[PDB]
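A.B. asks: Just need the structure, nothing else, for what follows:
(chains A, B, C, D, E and F, ligands or ions: 2)
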Amino acid sequence: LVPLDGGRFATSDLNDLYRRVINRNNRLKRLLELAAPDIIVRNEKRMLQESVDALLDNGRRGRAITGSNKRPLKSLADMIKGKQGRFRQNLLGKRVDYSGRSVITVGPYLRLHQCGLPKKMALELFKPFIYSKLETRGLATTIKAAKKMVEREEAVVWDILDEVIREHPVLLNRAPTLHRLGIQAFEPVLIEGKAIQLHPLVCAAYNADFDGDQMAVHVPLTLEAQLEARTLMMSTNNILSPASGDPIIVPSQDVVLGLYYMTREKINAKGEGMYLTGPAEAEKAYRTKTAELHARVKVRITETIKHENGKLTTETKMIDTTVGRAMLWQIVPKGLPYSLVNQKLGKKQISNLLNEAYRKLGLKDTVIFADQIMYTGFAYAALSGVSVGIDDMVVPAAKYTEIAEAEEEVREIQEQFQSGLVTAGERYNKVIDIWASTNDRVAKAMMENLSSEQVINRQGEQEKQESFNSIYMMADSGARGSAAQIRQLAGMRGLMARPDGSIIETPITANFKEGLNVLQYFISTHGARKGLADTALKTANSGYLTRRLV
Amino acid sequence: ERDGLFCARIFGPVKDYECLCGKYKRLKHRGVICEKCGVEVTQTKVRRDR
Amino acid sequence: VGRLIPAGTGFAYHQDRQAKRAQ
Amino acid sequence: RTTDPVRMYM
Amino acid sequence: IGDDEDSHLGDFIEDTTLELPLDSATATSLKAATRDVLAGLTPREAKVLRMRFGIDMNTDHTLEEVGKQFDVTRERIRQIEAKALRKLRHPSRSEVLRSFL
Amino acid sequence: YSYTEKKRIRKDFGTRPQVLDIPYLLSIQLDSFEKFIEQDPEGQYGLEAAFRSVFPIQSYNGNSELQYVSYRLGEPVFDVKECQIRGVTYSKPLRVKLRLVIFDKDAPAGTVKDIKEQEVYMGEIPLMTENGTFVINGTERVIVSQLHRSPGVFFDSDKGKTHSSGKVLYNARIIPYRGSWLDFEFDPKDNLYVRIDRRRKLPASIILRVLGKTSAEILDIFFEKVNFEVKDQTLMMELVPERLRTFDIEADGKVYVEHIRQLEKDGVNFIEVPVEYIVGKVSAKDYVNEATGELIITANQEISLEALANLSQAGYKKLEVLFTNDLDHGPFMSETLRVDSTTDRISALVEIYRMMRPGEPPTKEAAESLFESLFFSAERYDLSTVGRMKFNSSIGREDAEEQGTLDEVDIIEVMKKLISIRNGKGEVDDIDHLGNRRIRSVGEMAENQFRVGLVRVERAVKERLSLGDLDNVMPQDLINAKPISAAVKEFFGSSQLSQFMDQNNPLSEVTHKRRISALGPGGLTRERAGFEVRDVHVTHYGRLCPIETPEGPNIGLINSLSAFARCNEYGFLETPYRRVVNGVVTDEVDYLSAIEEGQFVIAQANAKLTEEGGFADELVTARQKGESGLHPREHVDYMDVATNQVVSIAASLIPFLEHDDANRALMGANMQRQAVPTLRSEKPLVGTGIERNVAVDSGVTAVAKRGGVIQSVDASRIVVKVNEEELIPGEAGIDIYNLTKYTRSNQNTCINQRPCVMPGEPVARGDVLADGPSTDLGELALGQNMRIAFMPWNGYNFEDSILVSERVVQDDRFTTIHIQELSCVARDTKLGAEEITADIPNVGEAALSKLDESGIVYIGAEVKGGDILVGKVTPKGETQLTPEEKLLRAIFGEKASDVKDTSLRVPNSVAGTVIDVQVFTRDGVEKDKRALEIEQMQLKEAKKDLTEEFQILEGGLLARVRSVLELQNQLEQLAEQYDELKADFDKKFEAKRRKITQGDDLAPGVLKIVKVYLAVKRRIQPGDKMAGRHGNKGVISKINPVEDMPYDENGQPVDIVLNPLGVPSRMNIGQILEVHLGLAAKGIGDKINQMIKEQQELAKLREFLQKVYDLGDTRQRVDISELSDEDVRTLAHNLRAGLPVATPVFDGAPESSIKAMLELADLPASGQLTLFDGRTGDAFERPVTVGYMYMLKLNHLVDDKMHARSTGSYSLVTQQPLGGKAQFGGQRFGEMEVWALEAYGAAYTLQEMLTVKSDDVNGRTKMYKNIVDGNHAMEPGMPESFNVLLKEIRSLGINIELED
Ligand SMILES: [Mg+2]
Ligand SMILES: [Zn+2]
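C.D. replies: Numbers count the residues shown, from 1 in each chain, chains lettered A, B, ... in the order given. Ligands and ions are numbered 1, 2, ... in the order given. Next up is the structure itself:
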């Protein structure tokens, strides 16, 4: 029962319940003293039972007693139980000290064991450590002086902070924490600004993307906690998924696009057919604007095989490859075949590179290789100049003819329903198949048009080449995108479902490049709203299931 | 007040090492119960355990 | 109750207690 | 038949 | 508190009677520094200061009790305390205690 | 073209002529509240209805009554601005005229002895600002409309989720506006049951017994009768030809299949039947023999073999029975009668009294009034007019248009219709249909709460009149205004639908005033909502926007009014449509609701029209019953009025919306409401043409009430001399617009009005004189135009990250002004009175440098974190200082003071400029010096407008005096008019000075309040959230140096580098089109800039402008030859920074027009340029998409999201750290974090986070001491929450303990 502000008081409902019980017990004693009639004594005993029941467990014996706010009172049981009870809100999940929270950005210069911590958060979280060091080196005589220097933001406080942080791991967390990779230990690098810089390769573990997500920062204090963070919780030790064993640090997006563009083959490029002494020579050739990055060359590759028994066999042969694969061979550690690089590298190929590096080399080589893959992919995705434009969505010329033929055949089945040859359900299931085959044929035509091109070789002949379209490269590299999204981009959006689950007979024959009219957009919203609502309910149900399983 | 829901005799002193009547109002008088007020001179935290 | 969990780094500790409860 | 003390007293 | 049913007034009320850990550390440091400073005085002078200000003892004392514990009177004890306070008012043995204010 | 539009004409890319202008965006609020407050002679709406529903008040005995006459609303004490300044509610007093009359007991009733009539005050009604907002407790609030179930009868079913059988249980449910619910359900054994107030089920026949229905009458109403006769010793049917269509047919040759149509062409009135055909049938009447005196066969009783013989012996020859099938007719009512246990009205009344009041002894008279109160009493049951119309439409009743209570025929027809639905005829009603859902606005809610308060006062008035002692009582003694005021204050301050006004930008204004919520009182629940209500029903076309609904738990439960949606007289949403006659399409339009929409076919604006005004295609696209299809041209009935009819205002501002996925469009619409105004407002290069409507209707701009010429312009005042055609006689002739300058919004954002006018130019009505926040020349301007390159840059735009140049940071394009409130309240305590003074103990002089003599900082002081703003000292009690502390005091002196320093300090990491200080003093307290200075400052500021008005009036009067110079008469008249003007000015200034000098009604216990406004210029930094208008949000990852960013051949670097990877997967292609069109627009802008620079002749400028405005086959006909030379120069000047282009939603610019404008701007047709790397100088080997995009700075800043804590304040009971940045709390280590550490194996980290960091009281102090000492070791203890749990379990009488 405490004074909030300016004479206003805040109490607990237990006070009201206990007051009722005491008042009615006193009334019962007074009635017994006065030798009251039996009916009044009986009613008093009845209310005593009711009040004690409301105190122990309100809303169970009868109607819940409500306070002056027209809300039910909270009893002992109601606060030892429930989601907002003692157990789940204060004994299993606790608010903690030495904690912070900030928006997360991307640090492409960081390493796996490093995270970018703002100096303000580091100063506020590591304050007792700063005080300790200031006293032990004698810059501050007592704790008050140390606080004065820390608050004044003196110069030496920053050196003290960079000595405390030097080898002190910090735990980064993101809500929700679906699995154990949602909390990881990093070595802090102190940065200006107010945002935490996160290594890209760990984002997939956090399910974190930089559109405004925030992360929590925890500072372990005791030596045992620091050893646990450095030995068990380090991001370097956490590179395999505990669910399946597959690597979780596989590159995505920009890295995959860069490594894919670097490992592609172009026909009749500048510097084709040259002979190169090795990866360094290929790098020299591309930096000198002699051979294009997609030029076919013959490169002398030295290659070490590490057998299962530990045999390290070195060999050197001349391999037909491109300049880009020759360069990428520089960062591949010894003990791996060149056949792992001598191909266009999508997401699956890079995942296989990391998997085999872990299998035949261990963890340190794997983490160094993952870092180098990330830097090379970022650099060459930057140098590539991949850009999405409006001429990149090549709508096939067969789409209009197919739509016209589908309309003609739908009208033919429309003048055949009156003949009684078919039923309404048969007409429905036939128009649906007509349009659901027109969709497949339009998608196939678009993919055939978009994934091929015709180039001129050195001889002068016309030769088919895999296309270098931006959207096609995005989809084929596996970076971000798929065939269905391209078919909704440049083909046909397709048949859609009514809010009940039924399928509208007339599909959306227009794509996003040429735009939709009002009805098509309404039909699209019909499914968008379902998707969002089902995502929300799915999150709730999955959380409940995970809690029961744990 | 006395014998209420917040009584200082039953549950303990409100202020640290003091008493309601102020007769014993320092640490030197620990463990001594006032005759005037009946409040044992101790810490306030005992009110979360009594 | 706020004590070490019988898993991970806190496993061996509990084992010793069990040993101390065996004797 | 009823669980309200008020009606019982009535 | 808000439109949500998860936030209550009871979570926004702070315990004001609690002592800050910084204050506890400052108190311990002050005790240690006072012990170090009193270690630089004469045994009788340190004893009279400690007994008349109740340091490391279970009670405080007037000059009657300090006079009776020794073989010494009122004014004698009063001026030993005066001499101690002039000794500790000297700048040489006061820089440490200045930071505690 | 208007003057404010002729300055900067936006090129329109639309092709469809506009027929209906977008109406006032805030009509939904203004019309509702005007209906609430305005006088109603017929008394169906407004406070008149509320007064007439309760008054007159009848006493129990009938001695006297209180009657109502009329009402009025007085002059407000304050206006809106100072109501916000002091923190009081803007309201008008309600003054109602009532008459008290007394009736004598001896004399017959209705004899008037004496009447006492007067005007009594019954509370204060909050008024609505012209912009549709309320000022409650000094804060601006919006009442949000509610979408609720319409009153009436709703027929639905179970769909088969009750029992595993394929049977579907059907039911009906009546919802009154005020009353108790009534349900009629089917059980899974073909019986119909009744449910009153959701209680336990009862046979339906009970509700008929209680209504005076004998079993014969029940069978008559609920069944058809087939009759039998005994003719010539033969059994005899009747003739109903439709019934037969098989033992035989006794119509001779008409016999059949021992199809009926064969000989049904010929009719005979006789059919004979066996005795066996009757055995399985049930009776219909009661048959009594007078001789026997008993009841042989009862109604609804199965007829037996001996029954026929006994009836024949009784002499009865006519036998009518019921009619039962297995498909079309059913025994439901008969079986329900067979399962009922009552036999008479009173027994059924006893049964329903026992059910309604379980355990109560059966009382008859109570029963009567209970049933009469349940449904048939006007006091407890009220079916509104809308509910009455829904009822009369559902069951087909055609009368009782004013009745509001159920009667016999209502329940009879509800039962009949539900049985008809069970038979097969008819269909259930769609629960999500917008004809079944209603819009309830401010007026209706205020009426309801006012009526609740009126009932509260009615009870006491009735009791007091029932006392009877009525000799000297005037009516202002029974009326208690406080309960009514409490009710209205409760509604306007603590309702879930009364929310703080989202004031980031004008779009937030409009979207908050046009929001519709399914939550609130009488609404839905977030956890109890279902899929069906959240889904998009087809009736939402033109009524609710299918795009903008918040992401998350509130998905679908909160909607936005569409652009042209309207509320009819009944509260149902309606949308406009152009009618078609004789195949031609007419300008004039009709508003249709959801019920009226189903019948007609409705085309849409995309349908092509001929020059004759008719459809071109024979098969045009249209809708019927919510299904789209192709329909004949001559069948059309209506067409849509505009292309943006289905989308709301926020989604109508997204260019190229038809090229975006619905998800990303929804994200963009929601995210465009979170934009923060910047220092300089810049128009969108690519827009939709809706910006002017939003800017004008938001109210943030200063709109000219009358035309004329601006007499004077200033940053704070605009004075307009009105033209002599709009001058009301006797008026001064000038209008004064005072502009808001640097006023804090609800979201701590600057509200500033900037003049956009010169002295002397002409202005018309509706013209913009000042631009408010996020407005540029009358156009909505949220973000800024940024040069955009779509290309990956070294991982600094990984995922949705954004790479930003230093040029835009240096140019302050995204800098914002935030105004923050800090309050210091000096109260009165037990020890003494808290004082605001500069004599702060233990504080030096440097900290008092910015403080004045009173103890308040000056205006314009640059303050940083920790600086004192208001110096306040608090009396404190005695401190029992520790022994070493008294050593320190003895050695160093420094005696303690009687006051402690509790002063208002600037929060950490906050540094700004003090821009205003307000001091509020309780009456009777000495006003400090600063309060006096502020008082004189406000008086000096306030006398200026009155001084100017008096000066112009006196100048006109003296000019009249000179012109006049019979003579003495005119001189005396002029002198007396001058005296009258002087007296009026004196009265106005007296009222003003009284307002400023007036004391403040502060809360009890407080003596002084000091309020400081801090202005902070927040620059754009990494971690800030930036977004476009297509759902493409992002967080800035780096502020790149200029020399490191990509640049073009001419050397122009880009401003923002965006990742292309997010475009294909997310299906937001409108952004690429916007980039291309913005590139073209800025190209044309720089061409005009060049033409201006070398001072080319106006002929070439006119030719180029005409060429630009004539591009494409559009609906815009701009004639540059019709503009003056100066007007053309102003247009060219305003087009220097780019040509604004309008691309309406679903009527946008095709790719051909974009490429044509790119060609006109001498830019690549593909929109892709050759960029060069700044770091290396090498050109990128693929062309890169470069252009201009409208970027927004969202109100998600890293400045107010960064938070850190080591040790702070702790909670009172749990002894755990607080939660929140404002409270300096700690992060929550929930269940899943504990699971993650358990999975890792971190026992020690888990133990530390559980005990030391959270609630081990001794542990955390010991750990802090150890860390300061440098030990990094812990001695963990018992968590405090577990001890709380043990005590709580012990309080339940359960012995829980710890063993050793
Ligand atoms: Mg995100
Ligand atoms: Zn005492």
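
A.B. asks: Chain neighbours aside, what residue packs nearest to the residue of chain D found nearest chain B?
C.D. replies: At 24.5 Å from chain B, residue D:5 is the closest residue in chain D, using CB to the nearest CB. Any C-beta I mention is one placed from the backbone N, CA and C, and that applies to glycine too. Sequence neighbours aside, residue A:46 is the residue nearest to residue D:5 in space, at 5.0 Å (criterion: CB to CB, 6 or more residues apart in numbering or on different chains).

A.B. asks: Would you confirm that that neighbour contacts residue D:6?
C.D. replies: No. With contact defined as CB atoms under 8 Å, residue A:46 does not count as touching residue D:6 (10.0 Å).

A.B. asks: Name the residue in these two with the higher neighbour count.
C.D. replies: residue A:46 (14 against 9; other CB atoms under 10 Å in any protein chain shown).

A.B. asks: separation between the residue nearest the centre of chain B and residue A:322?
C.D. replies: Per CA atoms, centre = their mean, the C-alpha nearest to the average position across chain B is that of residue B:13, at 2.9 Å. From residue B:13 across to residue A:322, the span is 84 Å (CB to CB, to the nearest Å).

A.B. asks: Now the residue in the stretch 151-300 of chain F positioned nearest to chain C: which helix or strand?
C.D. replies: With CB to the nearest CB as the measure, residue F:161 is the residue of the stretch 151-300 of chain F nearest to chain C, at 44.1 Å. Secondary structure assignment for residue F:161, by DSSP states H and E: no helix or strand.

A.B. asks: ok, which residues in chain B are in contact with chain F?
C.D. replies: B:17, B:25-27, B:45, B:48-49 (CB under 8 Å from any CB of the partner chain).

A.B. asks: can you give me the helices for the stretch 1-150 of chain A?
C.D. replies: Counting by DSSP state H, counting those that start in this stretch, the stretch 1-150 of chain A has helices at residues A:13-34, A:38-56, A:76-80, A:86, A:119-125, A:127-136, A:143-152.

A.B. asks: Where does residue F:1020 sit: helix, strand or coil?
C.D. replies: Using DSSP: H, G, I helix; E, B strand; the rest coil, the structure places residue F:1020 in coil.

A.B. asks: show me what contacts it?
C.D. replies: Applying CB atoms under 8 Å, 6 or more residues apart in numbering or on different chains to residue F:1020 gives the contacts F:804, F:808-809, F:813-815, F:1026, F:1036, F:1039, F:1193.

A.B. asks: Just give the number of residues close to residue F:552.
C.D. replies: Neighbour tally, residue F:552, other CB under 10 Å: 11.

A.B. asks: My read is that it contacts residue A:536, right?
C.D. replies: Yes. Using CB under 8 Å, residue F:552 is in contact with residue A:536, at 6.3 Å.

A.B. asks: nearest spatial neighbour of the residue of the stretch 51-200 of chain A at minimum distance from ligand 2, skipping sequence neighbours?
C.D. replies: Ligand 2 sits closest to residue A:55 of the stretch 51-200 of chain A, with a gap of 31.7 Å, by CB to the ion. Take residue A:55 and drop its neighbours on the chain: the residue closest to it by CB to CB, 6+ apart is residue A:17, 4.1 Å away.

A.B. asks: Contact partners for the one you found?
C.D. replies: Going by CB under 8 Å, 6+ apart, residue A:17 touches A:51, A:54-55, A:58, A:65, A:73, A:75.

A.B. asks: Out of the helices of the stretch 1-150 of chain A, which gets nearest to residue F:1128?
C.D. replies: helix A:119-125 (54.6 Å; CB to CB).

A.B. asks: what about that closest one and chain F, any contact?
C.D. replies: Yes. For helix A:119-125, a contact with chain F is found by CB under 8 Å from any CB, at A:120-121, A:123-125.

A.B. asks: all strands of the stretch 301-450 of chain A, in order?
C.D. replies: A:312-322 (DSSP state E, counting those that start in this stretch).

A.B. asks: Name the residue of the stretch 151-300 of chain A that lies nearest to chain F.
C.D. replies: Counting by CB to the nearest CB, the stretch 151-300 of chain A gets nearest chain F through residue A:195, at 3.1 Å.

A.B. asks: gap between that residue and residue F:1198?
C.D. replies: Counting by CB to CB, the gap from residue A:195 to residue F:1198 is 5 Å.

A.B. asks: And residue F:52, by the same measure?
C.D. replies: Residue F:52 is 58 Å from residue F:1198, by CB to CB.

A.B. asks: With neighbour numbers in mind, choose between those two.
C.D. replies: residue F:1198 (23 against 13).

A.B. asks: So that one sits against residue A:102, correct?
C.D. replies: Yes. Counting by CB under 8 Å, residue F:1198 touches residue A:102, with 6.7 Å between them.

A.B. asks: Find the residues that touch each one of the two.
C.D. replies: With CB under 8 Å, 6+ apart as the test, residue F:1198 and residue A:102 both reach A:194-195, F:1023.

A.B. asks: Kindly tell me how buried residue A:281 is, as a neighbour count.
C.D. replies: Per other CB under 10 Å, the neighbour tally for residue A:281 reads 18.

A.B. asks: Return the distance of it relative to ligand 2.
C.D. replies: 95 Å (CB to the ion, to the nearest Å).

A.B. asks: near chain C, which residues of chain F show up?
C.D. replies: Going by CB under 8 Å from any CB, the residues of chain F near chain C are F:1238, F:1240-1244, F:1246-1247, F:1250-1251, F:1256, F:1276-1279, F:1282.

A.B. asks: repeat that for 10 Å
C.D. replies: When proximity is defined as CB under 10 Å from any CB of the partner chain, chain F approaches chain C at F:1234, F:1237-1247, F:1250-1252, F:1254-1256, F:1259, F:1276-1282, F:1298.

A.B. asks: Out of these, which end up buried?
C.D. replies: Among the residues of chain F next to chain C, those buried by neighbour count (16 or more other CB atoms under 10 Å in any protein chain shown) are F:1234, F:1237-1247, F:1250-1252, F:1254-1256, F:1259, F:1276-1282.

A.B. asks: Restricted to strands, list those residues.
C.D. replies: Among those, DSSP state E puts none in strands.
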